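K.L.:
Have a look at this one.
Just so it is clear, none of the values below were taken in a lab; they were calculated from the coordinates. Note that each Cβ is placed from the backbone with ideal geometry, even for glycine, and that neighbours are counted across all protein chains shown.
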Ligand SMILES: [Cl-]
Ligand SMILES: [Cl-]
């Protein structure tokens, strides 16, 4: 209603005298470390419940209908997960059975350490692509050609199918172990803010580039062509050029089958997504299309007659655990860091989505620890890095999922698919498994449709999306992530280095101050010049602050003093022989400052000194308490620059100046 | 005196209606480029006067009194320049002949393009070290040993004295040209803010740690030992251990003569600096100690009898210009960027010191063009990077210097020191030249005495100093600079990611709001909770902003709504069978925000949504005009979240709530 106040003009000291402060809390390092480590059983029970969240959702079960919901979600997600694992096994250059292995053990491990309920841990297209890329870069194909086979002219250097898969599996296991170690280090040290740097446009561009590279790889697999494992800089462009040059050496049957299953899967998925109001449970198109592909490929001998590319390499059994070949962490540390951070980011995103959809809370450090333990346990069983696919996750959520029991049942399907089920999958073409991956790329390919939206929105974030999407295409995929985080931090620094300063003026008959570049009917005080500067002054925006002051006052505090001294020597010689007109004061509305960066408080004191010589007072308006306490420690309040120069509000400085002019002409 | 106002409670729309805004300026890209490129004669005269500042101070000269002060300072700095020029040549692994070339040619170029008057362009100890650092790595000693000389058992692979220097000289010429190009790029593209990242602790810790590497490198010449040109990681640490292992192979003639001039030069310099009130002109101790060293070394045959290390390689002549060996810019791009940025940083640092004392303004972007052409012109005459030494600069200023005429006269002394003078410096020991450099290291060695001062001051800047000083010792010297620039920018991100949020309360009978953790007698409104959050919300601190709200209200907006649904299912079944107590509203005092980072503004709309369901209003207090215009563009003002939720001041949000509850119970 009515905003009326009546108080004296407390600038800095008229308010600090009669206001008793609170004594700061004593450090007492010994008592701090003693009180932190609790001794009562309550803290122990709390950390046990937090570290192992399985003991929370288990006692409060609702078996009656939860059993049926979990068993149906488990069989469905198990089928989907074994299909996605045997499909993504090609993305990591590993055999098919190791995909099923990586789809079984991480599920078992993410049961006594996970803190979620609607997450299906398993393989992931982006993570498997990164694993395959780093394996190809660390173990290419031109390093295994054994000369044997009595060739035509030179030694028969044929393909090394065989022991090469063992080396690739050992490399993938070492990579998974290093990723798990990095995740456990990040979780134990309670450092979780390191993944906050992955902004939405950054991860969007990264996923778009990863989807492009996955499309290129799966198109290479469908066409059944052999490239030269180009990796490094412009690897995707090089392999695409090589594919376009090797179009003649394709397979017509494999290409036709792949295009047909792509069209069928895309049409069925679009029909199920659009017409959701008629069929709530998503039709498992992957399962039926894989079954019909295996049925068609088994009838006619596509391997011999049509020379199709089938798997025919399923051992259908387990294997004893193998110790990882430790010693390759130095050359894969950055790759493992990138894989771990992107996996954790995707996992946290999916968890937060499916948690705010179901209204429950998911811890971050607990998810980090759970995924680290899962990757470590997978490294001992010849598996790759595990994550949560958005397509596989939606299955247990749509079909009905309440706890991780549906996830544990999803491993039983993979369990029976490791030992017995799988012999019918022998004549399955590799182009069919390479197609569902492309069909799942529709979710990430549509992410490009937000760049025009981000351009109308904050434009700095629209540049981060395009920069990350392009830079993660030229120089690899893992190196493109590091070039995105650094670019995002640089963009953040540029937004606090080049602020939006204004020409704050006074609104008549009130005390609210608005910018002069936005409103017209604003009257500024006679002689006084007000200035606001956001983005607290640090070592980078000090010259910017100087230029802003020089632009808002009209002149320069240095050149005016130089001209005054040049005109003063003419006065000291006349006795022997015989600009700063409008600016009366400068009120700095430094209310948007947080830190001071003493390198900057030195420049502030220099400004106050330079303007004092030309008889121009530099008052402050909205200096915070935690900023004044910092400036006082940095040696700013000398015998001449007292606290009376600072004020509490913007109108207090103007009122004090008006009263000083009225009382002193 | 009296601060009293009387205005209605204009929240956001009660103020926006009757306040007509100013129309934004039209872009008009066609006219923007036309109005920028002016055609009048004033624009042509302005660019020529700025690019060539010689036409300014030359017409208004004061030959009557200025020429007398320049002729005495020119011959003074000419003797100091020819000695420091040839002494710093040892730090660049080039012969002593090319040291004088870097003291004559850059002065000629920095005469028609320079925009300063008290700067003596020439070599520099820190800059010449970075130049010589890459020469040892790109052209080591073990790459030129020719087997010849009928050795004892194997081929006589002795030293390659002779054409070995030609590989280092041509390498230094290409490095000098690449540095000059980078400086012209920064000056041509008008990008000068890139050197603002070199903060005071950053450049302070860098020059301090560089003084150690200069001390270790020059100590090798004093002791006259031969190391294994260790470069890379821990280069200073590795070469320091090898010196201690090679103490037995020292030279008593070079050590005694080297240690003697160290004490003499240090004592006279310290004595003249303290007792300045008796002798204003600094005594050239560097010059007098060199002349007496050559006289003693010429009398007794120290080269033959005492086996001392002398130069004896001065041809005393010029050479035709040699085209730089283009093709080495690819492997020296990262190295030249570190040298080009420190050559400009020290130039402006020393320049601005002698500029505020003489009250003349030095152009910023012009120094990039001035030193840019200087290094390019020096590359065509086999020179290294040119800079301005603080010791050599103080000579021409203390003895009397007004313009660059004293610098041009200083080049005349160097001019005669190449054609005629120089033969007397033949028996000069290399330990004497390597000692005057160590004596000048006192200025940088005393920079360590500011770390306890910076610790009592802003502690984040004290960490950057120690981090830069340590990191520039482990991984080289040029790589340590890049590790300091990234760490300094990272510290800025950490200061805006972890802000200093408070519990803002109300002062009785007034309208000023202060933090509750700093003052005691502050009364908060009944039910209302106020929160201030500096460091504008971006993608990194958006999660910390959630934890900040949950900490100031006591509860969580998510778990409370979850328990409400858990308690609501018991209500919908009872009809079939038969927390948020204190927080009434939340006033966010977002007055210290500058940008939005729409990635983070999506959470602001989510926060209002999460609190609206639990019947908790989230009001804003001090949203700026340029930030409110950003929310509307980012899609924040929907049909439910109107502008009435925002307020102009902090007290307007509280005054509105007091009247709302009073009129609506
Ligand atoms: Cl997916
Ligand atoms: Cl010096």
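So that you can scan it fast, the table gives a plain yes or no per residue for (1) within 14 Å of chain A (Cβ to nearest Cβ); (2) over 20 Å from residue B:372 (Cα atoms); (3) more than 16 Å from ligand 1 (Cβ to nearest atom); (4) surrounded by fewer than 24 Cβ atoms within 10 Å (Cβ to Cβ):
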| residue | (1), (2), (3), (4) |
| --- | --- |
| B:77 | no, yes, yes, no |
| B:80 | no, yes, yes, no |
| B:92 | no, no, yes, no |
| B:100 | no, no, yes, no |
| B:109 | no, no, yes, yes |
| B:114 | no, no, yes, no |
| B:119 | no, no, yes, no |
| B:122 | no, no, yes, no |
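K.L.:
Could you pull out the residue among A:318, A:377 that is over 25 Å from residue A:444 (Cβ atoms), away from chain B (no Cβ under 14 Å), more than 16 Å from ligand 2 (Cβ to nearest atom) and outside any loop (DSSP other than H, G, I, E, B)?
P.N.:
Of A:318, A:377, the one residue that is over 25 Å from residue A:444 (Cβ atoms), away from chain B (no Cβ under 14 Å), more than 16 Å from ligand 2 (Cβ to nearest atom) and outside any loop (DSSP other than H, G, I, E, B) is A:377.
K.L.:
Can you name every residue in segment A:124-164 that is in a loop (DSSP other than H, G, I, E, B) and within 16 Å of ligand 1 (Cβ to nearest atom)?
P.N.:
Passing the criteria: only A:124.
K.L.:
Can you tell me which residue within segment B:500-512, out of those that are part of a strand (DSSP E or B) and more than 10 Å from every other protein chain (Cβ to nearest Cβ), is farthest from residue A:197 (Cα to Cα)?
P.N.:
Per the criteria, the residue is B:506.
K.L.:
While we're here: Is there a residue in segment B:516-524 that is over 39 Å from the mean Cα position of the chain (by Cα), away from chain A (no Cβ under 12 Å) and either closer than 30 Å to residue A:362 by Cα or not in a helix (DSSP H, G or I) (or both)?
P.N.:
So far as segment B:516-524 goes, yes, one or more of its residues are over 39 Å from the mean Cα position of the chain (by Cα), away from chain A (no Cβ under 12 Å) and either closer than 30 Å to residue A:362 by Cα or not in a helix (DSSP H, G or I) (or both).
K.L.:
Within segment A:599-616, count every residue that is closer than 16 Å to residue A:546 by Cα and more than 14 Å from chain B (Cβ to nearest Cβ).
P.N.:
4
K.L.:
Please pick out the residue among B:408, B:390 that is surrounded by fewer than 22 Cβ atoms within 10 Å (Cβ to Cβ), touching a helix residue (DSSP H, G or I) at 6+ places or on another chain (Cβ under 6 Å) and over 21 Å from residue B:95 (Cα atoms).
P.N.:
Selected residue: B:390, the only one of B:408, B:390 that is surrounded by fewer than 22 Cβ atoms within 10 Å (Cβ to Cβ), touching a helix residue (DSSP H, G or I) at 6+ places or on another chain (Cβ under 6 Å) and over 21 Å from residue B:95 (Cα atoms).
K.L.:
Starting from residues that are away from every other protein chain (no Cβ under 14 Å) and out of contact with any helix residue (DSSP H, G or I) (no Cβ under 8 Å at 6 or more places or on another chain), keep the ones in segment B:62-75 and report whichever is farthest from ligand 1 (Cβ to nearest atom).
P.N.:
Ranking the candidates gives B:64 first.
K.L.:
Something else about it: Given the conditions (1) over 20 Å from residue A:625 (Cα atoms); (2) surrounded by fewer than 22 Cβ atoms within 10 Å (Cβ to Cβ), report the number of the one that residue B:506 does not fulfil.
P.N.:
If we test residue B:506 against (1) over 20 Å from residue A:625 (Cα atoms); (2) surrounded by fewer than 22 Cβ atoms within 10 Å (Cβ to Cβ), just (1) comes out false.
K.L.:
Here's a check for you: in segment B:526-538, which residue that is more than 40 Å from the chain's Cα centre (by Cα) and surrounded by 18 or more Cβ atoms within 10 Å (Cβ to Cβ) is nearest to the other protein chains (Cβ to nearest Cβ)?
P.N.:
B:530
K.L.:
Just give me the residues in segment A:81-123 being assigned to a loop (DSSP other than H, G, I, E, B) and either within 14 Å of residue A:390 (Cα to Cα) or within 16 Å of ligand 2 (Cβ to nearest atom) (or both), in sequence order.
P.N.:
Matches in segment A:81-123: A:118, A:119, A:120, A:123.
K.L.:
A follow-up question, please. Restricting to segment B:20-47, count the residues that are surrounded by 10 or more Cβ atoms within 10 Å (Cβ to Cβ) and in a helix (DSSP H, G or I).
P.N.:
Of the residues in segment B:20-47, 8 are surrounded by 10 or more Cβ atoms within 10 Å (Cβ to Cβ) and in a helix (DSSP H, G or I).
K.L.:
Take the residues in segment A:436-469 that are within 16 Å of ligand 1 (Cβ to nearest atom) and surrounded by fewer than 17 Cβ atoms within 10 Å (Cβ to Cβ); name whichever of them is farthest from the other protein chains (Cβ to nearest Cβ).
P.N.:
Once the filter is applied, the top-ranked residue is A:442.
K.L.:
Something else about it: Restricting attention to segment B:479-499, report how many residues are surrounded by fewer than 21 Cβ atoms within 10 Å (Cβ to Cβ) and farther than 28 Å from residue B:544 by Cα.
P.N.:
Count: 2.
K.L.:
Just name the residue that is nearest to the other protein chains (Cβ to nearest Cβ) out of those in segment A:562-598 that are closer than 19 Å to residue A:617 by Cβ and out of contact with any helix residue (DSSP H, G or I) (no Cβ under 6 Å at 6 or more places or on another chain).
P.N.:
Ranking the candidates gives A:591 first.
K.L.:
Here is a further query. On the basis of being more than 16 Å from ligand 1 (Cβ to nearest atom) and surrounded by fewer than 20 Cβ atoms within 10 Å (Cβ to Cβ), does residue B:352 make the cut?
P.N.:
yes
K.L.:
Let me ask something else. Would you pick out the residues in segment B:270-286 that are assigned to a helix (DSSP H, G or I), in contact with a helix residue (DSSP H, G or I) (Cβ under 9 Å, 6 or more places away or on another chain) and surrounded by fewer than 18 Cβ atoms within 10 Å (Cβ to Cβ)?
P.N.:
B:270, B:272 - these are the residues of segment B:270-286 that are assigned to a helix (DSSP H, G or I), in contact with a helix residue (DSSP H, G or I) (Cβ under 9 Å, 6 or more places away or on another chain) and surrounded by fewer than 18 Cβ atoms within 10 Å (Cβ to Cβ).
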